[PDB]
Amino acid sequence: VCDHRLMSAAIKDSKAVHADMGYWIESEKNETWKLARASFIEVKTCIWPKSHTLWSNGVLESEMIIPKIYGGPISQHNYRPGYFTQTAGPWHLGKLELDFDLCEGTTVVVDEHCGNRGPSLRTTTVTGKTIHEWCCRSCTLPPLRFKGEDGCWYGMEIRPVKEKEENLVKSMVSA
């Protein structure tokens, strides 16, 4: 089920890609190299070989946006300032897209008075009501965003501003 030969990596100009059969992971350079986009047809549990990995030196596991357990390359292309490993990201979604943009109908604000890192949350409630104001303590903008066919999700650092409730849609995987 895990074939290394399928895994490809290429970098040219301002664009880098770590890809395989079901994975597409794009890193770009503005000021500095950082994670830009990711597309998952199916989330896989294979480990990414450093032989097939760009910039695999001095990688901190905690900063790897995509966990190595889910096939995240051990790479600084798998980085993003203000964000850490998304172990609690919505990896249960199967088909999933990771990028940095605003979820529709939401706003994100950098505030040290915000809640700490927690399991990733969906921007809509169980009712379908859109949570408007979100925040993060030390993260950067545009915010870390997941997109499934069910709805829109935010990274672990992005928490709701007015929300303290025992009801919330939250991802279901811990890593």
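Note that residue numbering follows the sequence shown and begins at 1.
Higher mean CA temperature factor, per the PDB entry, when comparing 131-139 with 116-124: 116-124. According to the PDB record, 142-150 carries the higher mean C-alpha B-factor of the two stretches 142-150 and 33-41. Looking at 94, 89, 72, 82, the one whose CA carries the top B-factor in the deposited record is 94. Across 164, 18, 15, 159, the greatest Cα temperature factor reported in the deposited entry is at 164.
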